[PDB]
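A.B. asks: The sequence isn't on hand, but the structure is:
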Ligand SMILES: Nc1ncnc2c1ncn2[C@@H]1O[C@H](COP(=O)(O)OP(=O)(O)O)[C@@H](O)[C@H]1O
Ligand SMILES: Nc1ncnc2c1ncn2[C@@H]1O[C@H](COP(=O)(O)OP(=O)(O)O)[C@@H](O)[C@H]1O
Ligand SMILES: Nc1ncnc2c1ncn2[C@@H]1O[C@H](COP(=O)(O)OP(=O)(O)O)[C@@H](O)[C@H]1O
């Protein structure tokens, strides 16, 4: 409770690209590099929203991710501009009529621009930093997943963690 | 021509019984006046001379002794002397009577863990191992698919061999992320694997790499060797009750989870007893019963005292030393009943008592001199006589406690040694338990 | 024969040797 | 000499509650003496235990400290022998942190009653003489006893088993036919050259054997609790077994009895130091002693009229009258000089020490001035003093040495009162 | 202007003990005043702690409420410096639900002995000019590559190993990044994008603050000093991959066998010169909270060669030792009280009570007239010192509300009428005796 | 096991938002504690602040004691 | 996916303000420190530093030293790993898991399944993290930027899962006063640029010295009496005529005569003979008319 | 102290006198826990009550039948 009654207010930009994908256009150079058959300089992705349409030009390494996610033309997707990762949301609502039944929930077309930016102020107690460090989340490991199937319980947070959090919030 | 010396590692810390080196008896069983760091207490040192024979005889189980006498008389100093006298190889297990109150396991069972810990065992284990640089690695597939074998080629300074191995070992090699050119070790009894690194032969293959490199193993690829293992009965009991040997997913994950204690059941201890008797019969094993020391015994609960009635009557249990410094106190857990030393009469009838008794002024001077030269400080004779007087006015503990503070004052004002005036100053900065109790009784309106 | 990924001052590049599918089909 | 785990302890000399066939207790036998009335009574109870027809019956052994009331129970546990369950616990051992106080008694009852079955097995045992394999696979082997030989063609699952366990010519092996498990017993003496060695078996290679097997009623309950319940039979994690499972298993074992598929072997619960169960625990034994599957239970105690734990009430033995009407009380009596001397002789034989007849005499007097257990402890110490002295027989001066080193409680109490204010908290 | 997480609190003005080189206390220095006797004794035990030779030394600080017991403990805790472990506990804090009392004290001891490890490794630190990763057309997965690194003075090319390439690709380093590579560990770390090349770019995959290119030699050595308590070494070794328990506090009743094993290994590191052991201090405030079971543990726990120096403070007369019937000095049993040295403290005068207030207004940024100090000093003897200290901020605020710039005596008389002392409160509680609950 | 306090606070905020939007409505009910005379002194002191939230039931309690 | 929709797609009701949508009781994503948000926002990611699979100690200062000018610079608070070598405990005993035997063909079929692992799904789930991740892991050989592994495969303790302990090459230094002395001498002399001869009186010891010269990578060359006469010629001619070879290893009776090792600035005797004159020759086969 | 060359060898380096071995924990297995055919066939409640147990899954409120009808 003594650590609940102390707050931080901290502020950061979010930037994201989103829209229905109209095209994936891997673009070749005029000549390959020596000894190679073909070379790709970039991918073009065409995104559309209720406000308009535009091409984004991207690094070739995007293409692997766009087949890990089962992206196909007429899906709506987003890209986190600070990280480069891409995520599928689903087929656009435009196509909801193309069968009598399909086993996917359709999602409405994004509104506003293809590229979005805002500044937000986020506010948290020191107790929230204590707990989020003492029991992490976003598991892809046995320790996390076991820890998340098990019944959660409060624990005697150590004075070392309180120490380290104090050190970094001062920075 | 020129001469030089180097040594800078800081020497071991001094503590409250580090002057004690053994009982200092003579060959006839009588006590010398001053030897191996002890002085005085002749009947109690002679009595401990019988007990070090009782231990080394190996004949007995569940014999128990109580050191009793006023605070500050040297009870735990004697028990520590016995721990020196038996040597390192006999297990000596120290414990305090307030440790039975665990939050994981019942008091009655914590005692049993400590008893089983005070019996040692010595085993001639034979291990057979394969080691080398892995030059080749190939699995062999079979139908309902399965893996039938792995084939491994190994290389050492002597030459090479090729081996056919169980799929359990392949599962282990995969888990350890082993590849060709790695140097590995496998112990075939346990099924365990260890990676060491890549062979030194490859160490220059990259400008920038994360690996450590090791020289090629010497000796034959396959060999067997004897390791003398020291262990306790408790260590066998617990390692079977929550296992981590082998290489299956279950045991491997049981190495990650939070290590809770558990009430080991009588059936497991029963089966472990049969196994170790069969190791003795084959001449693989030697048994070394040791000692359990339970200091501050006067605050086990009456549930615990009434359990020791059964544990001391076992044919297995080791020799036990209890210690106490209490008068006719009330027995913990009863609220109504008082008895000598804080222990029930029913248990006090199952022990032999060793009396320990107060020091004379000459003995205090002698102990203070011993202790000062242990802490490494020089003291003038008139100062030491003054400390002797302070001892008679207070307690030998307080008289010893002034030594190091006085030496700090001495070096601060440039003296090499304690002078009387240093002791005479320190005595006024720090009160004792009686002089502080006086001022606090006079001003009792204000605390 | 090896598929090759490059990043530098001149920008990024992905490259396939001749006869490898180069599986970036358009959509 | 080599050391067992089981070295000499406080009751090691007792090797049976010794009596004649009419249950007359002879004056000294099987390591124990005196206590005529108590040992006869204990013999009658041992006959009830062995006959087994009657459930839910209890006896209280009571009397002063050091009057053989654990001794007769320890002797009775030897005399009953293995292969009839006997379980011993201190009353302080049921106060678990992991499991209820009434669960620990419920479980202690069920460790002490056994279900017994017999079953038959097809077993191969013999020396292997030849073994052959090919590039599915088909192979062949030959086996020998002292009396016959055979060759067998091997099916696929045996080829896997034999190839897994690296069987070689000259090995002596046993095979559980039905399951494919190989047990190896070493190598034949005639191929001990080029490891443990043994002579080849007698009789025929394939024996239909019959095996008698028995499991505690508790051990049925635990196996049924979980995916691999049997581990909790070692690790102790058997937390509060659901009573509707026990309800089921009792009805199942009752039908196994009536259909003759198994038979029930009653047993004994020796709850020692009973005076320190709570009134809650007594109130459970009150009614646990009424099942068809209750064992016989034997309780020891050394307490006069006293306050029963968890209350302000006072009653004999430190046990409520509510429970004392369920049981019969057998009362031990303190020893005379003859008995005391003779018990000291028996302990001297068990510890391997010899002493002079005057040394026995003075030690007997000490034994009457300070209670037996003190005198019995002097024996070992005296022999250690003699060995230090390079003597052999214990003499009176070696006993009088030890009597001055190691105090009894009555002298130690006297030597405490002269320094009364130096001890803490009196 | 800016407010950090640490602020003005009850003992923020203390910065040492103010002793001279001959270990004599100055009248007023390093924010401590008066109390000459106990400050001398604190100097001697502080000197003993710095020497480090002798284990298990214990000291008890005693005296009336509000006479600088805790202040002297904070004083020495400042003087002893940050580099040497000093642990504070209030006596209440050992009554855990997760572990037994003797475990809690064992942890508090082992948390107060430091093992100090200097560590050096070789690092490469540069701006990424290019990356090549080659991947098999089918094959086994034996990827290979080359990377080039630049500084303002030098650049070079590295042929890359197969264990290392997974790290670059995992953390998605690309040209224009500035990175630091630890050769021994095989770990990458990133400083940021260089200012130049981000102009020649695609649609955005990152949007963050830039950093300057590194200078001079491309390879350089780094040094870190780690101080690790014995306690965290016990926790790390209690199970595989147990690291989170250092923050989480989830590790219960550690096996004795683990500590015995660590005590051995620590000694070996000392003799090898691999690590330095550094004894510190455990301060238990309000120590009269402990049960007699806890005291009985301390008796014998204090006798190990790994024990730290122990300091305790208390404000108690002859009182009954918690969890028993017996009365004793300081509410501690004589078994333990015999094993330590007692330092005692003295009530204040006018002369030093005024001087405490003077040094307190310097810390809270307040000006007052000498007349105001005169009145406040009287209040601070009619009533306790802490109350007088508590009026100083209230007086400054009431001054500032009325647009003053120096506290006057009528500000203090105002505040004194508004916020009560205990003695006055307790007096008014007599005249409403029926209206309050459970008298 | 002891729901964290910041969760119940978050839910109250969200339910208040939905009734302002008209997406939801709140139905107050009752809590009846029979034999209330054996609540404990710490539990009574909690009811002193439970009966003060913007969203609490009505309590009915029954007791037989003098 | 819920986080993106909830945090940008927020404005206006879908229905003229009626109805809850599907997923509307899933509130946990809204918290500022939820994993989606803390992934989405680059800066809060730094305030939640305690990840479940690294040995993070806390924050410390760090110092870095250039080789040129010996100039240092100081880095303020950065995250730190614990040192590698604090992981040092091991059980005295390691029992194999207790197992059941029953004499029935069907019972034996059951227990075989348990020892292999109950089903491919359940085993893949623990071992690779999910059956989806198992399916990907098989082909991750063929991807440039693969995603993390999820199973027990994702965890790597510093010593492996085995408890066996091999004496490391540093034990040469820890165990002898003489090598502890030699190491500080050679590290100093290396930094000063001095060339050195080491003489020693046991072939068994020159082997231990060679293991040391390989471990701390000094470069070296040895000439026991067991060396062939032709080797001595090359090996001497390579210690002259080159800057490369830091140290020469010799036994005094083999190499102490005639040899003309004028390239050495320094001489170390790791041990000495009962007879002088030998050492005098061994020294003066460096100290002679060719030196300056 | 309890020939000259032994002292010289130990002083030069202790590995010349006795080489340090690779330690590893003591490894153990008990005999496996024997269960009779009789108990493995007639003794598990999981099996002998399987007909009765099925009713407790039929009368479940978690059957998709009952969820639809309730919902
Ligand atoms: N006979 C003795 N000879 C030497 N030192 C002694 C002797 N008796 C006690 N000491 C020392 O004096 C102190 C008090 O003894 P200790 O064993 O702590 O007494 P206690 O019986 O109260 O536990 C310790 O420092 C101990 O080592
Ligand atoms: N009749 C006897 N025969 C042999 N030993 C006996 C006999 N009576 C008592 N003892 C001895 O007395 C001790 C057991 O005391 P006992 O009366 O059975 O325990 P308790 O007083 O706890 O009930 C042992 O040393 C045992 O050998
Ligand atoms: N000698 C002193 N010099 C400086 N400040 C002091 C001194 N004595 C007490 N104080 C201050 O007065 C207040 C009361 O002292 P405190 O440590 O809380 O007393 P105690 O712990 O003895 O009850 C604190 O704000 C403390 O900083």
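C.D. replies: That came in fine, so what should we check first? Numbering: from 1, shown residues only, chains lettered A, B, ... in the order given. Ligands and ions are numbered 1, 2, ... in the order given.
A.B. asks: Pick out the residue in the stretch 101-250 of chain G sitting closest to chain D.
C.D. replies: Taking Cβ to the nearest Cβ, chain D has its nearest neighbour within the stretch 101-250 of chain G at residue G:108, 4.8 Å off. Yep, even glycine has a C-beta here, placed from its N, CA and C like the rest.
A.B. asks: just chain B next, same as before
C.D. replies: residue B:327 (2.8 Å).
A.B. asks: which residues sit in contact with that residue?
C.D. replies: B:340-341, D:416, D:420, D:423-426 (Cβ atoms under 8 Å, 6 or more residues apart in numbering or on different chains).
A.B. asks: The residue of the stretch 101-250 of chain G closest to chain D in helix, strand or coil?
C.D. replies: helix (DSSP: H, G, I helix; E, B strand; the rest coil).
A.B. asks: touching ligand 2 at all, stretch B:64-75?
C.D. replies: No. Shown here: stretch B:64-75 not in contact with ligand 2 (Cβ under 6 Å from any ligand atom), separated by at least 13.0 Å.
A.B. asks: distance between the ends of that stretch?
C.D. replies: End-to-end distance for stretch B:64-75: 15 Å, by Cα to Cα, to the nearest Å.
A.B. asks: Residues in a beta bridge with residue C:14, which ones?
C.D. replies: residue A:40, residue C:5 (DSSP bridges).
A.B. asks: Would you pull up how far stretch B:403-413 lies from the middle of the chain?
C.D. replies: How far stretch B:403-413 lies from its chain's middle: 35 Å, per Cα atoms, centre = their mean, to the nearest Å.
A.B. asks: Please identify the buried residues of that stretch?
C.D. replies: B:403-410, B:412 (16 or more other Cβ atoms under 10 Å in any protein chain shown).
A.B. asks: is that stretch anywhere near chain E?
C.D. replies: Yes. Counting by Cβ under 8 Å from any Cβ of the partner chain, chain E has neighbours in stretch B:403-413: B:404-405, B:408-409, B:412-413.
A.B. asks: What residues does chain A have near chain F?
C.D. replies: So chain A meets chain F at A:128, A:151-154 (Cβ under 8 Å from any Cβ).
A.B. asks: 6 Å instead, please
C.D. replies: Residues of chain A lying close to chain F by Cβ under 6 Å from any Cβ of the partner chain are A:151, A:153.
A.B. asks: Go through chain A and flag its longest strand.
C.D. replies: Of all the segments of type strand in chain A, defined by DSSP state E, the longest one is strand A:7-28.
A.B. asks: Who are the contact partners of the closest residue to chain F within the stretch 101-250 of chain B?
C.D. replies: For the stretch 101-250 of chain B, the residue positioned closest to chain F under Cβ to the nearest Cβ is residue B:103, at a distance of 17.9 Å. Residue B:103 sits next to E:99-100 when contact means Cβ atoms under 6 Å, 6 or more residues apart in numbering or on different chains.
A.B. asks: returning to that earlier point: how far away from the center of its chain is the longest strand of chain A?
C.D. replies: 8 Å.
A.B. asks: does stretch D:88-106 come close to chain E?
C.D. replies: No. Stretch D:88-106 stays clear of chain E (Cβ under 6 Å from any Cβ), getting no nearer than 11.3 Å.
A.B. asks: who's in contact with that stretch?
C.D. replies: B:105-106, B:108, B:263, B:303, B:306-307, B:310, D:239-240, D:270-274, D:276-277, D:284.
A.B. asks: One more: stretch D:166-175?
C.D. replies: Against stretch D:166-175 from outside (Cβ under 6 Å, 6+ apart): D:124-125, D:127-128, D:182-188, D:191, D:198.
A.B. asks: Would you mind measuring from residue D:319 to ligand 3?
C.D. replies: 54 Å (Cβ to the nearest ligand atom, to the nearest Å).
A.B. asks: just residue G:45 next, same as before
C.D. replies: 40 Å.
A.B. asks: Quick one: check stretch B:218-237 for contact with chain H.
C.D. replies: Yes. Stretch B:218-237 is in contact with chain H by Cβ under 6 Å from any Cβ, via B:229, B:231.
A.B. asks: returning to that earlier point: which neighbouring elements make contact with the longest strand of chain A?
C.D. replies: For strand A:7-28, the helices and strands in contact under the criterion 3 or more Cβ pairs under 6 Å, 6 or more residues apart in numbering or on different chains; DSSP states H and E are strand A:38-49, strand A:75-80, strand A:115-125.
A.B. asks: The second one versus strand A:7-28: what angle between them?
C.D. replies: Relative orientation of strand A:75-80 with respect to strand A:7-28: 120 degrees, computed using axes from the mean of the first three to the mean of the last three Cα atoms, to 10 degrees.
A.B. asks: Briefly note if strand A:75-80 comes near chain G.
C.D. replies: Yes. Strand A:75-80 lies within reach of chain G by Cβ under 6 Å from any Cβ, at residue A:78.
A.B. asks: what's the next secondary structure element after that strand?
C.D. replies: Downstream of strand A:75-80, the first helix or strand assigned by DSSP states H and E is strand A:86-91.
A.B. asks: Quick one: residues in contact with that following strand.
C.D. replies: A:65, A:69, A:71, A:74-79, A:104, A:106-107, G:1.
A.B. asks: If we use 7 Å, what do you get?
C.D. replies: A:62, A:65-66, A:69-71, A:74-79, A:104-107, G:1, G:4 (Cβ atoms under 7 Å, 6 or more residues apart in numbering or on different chains).
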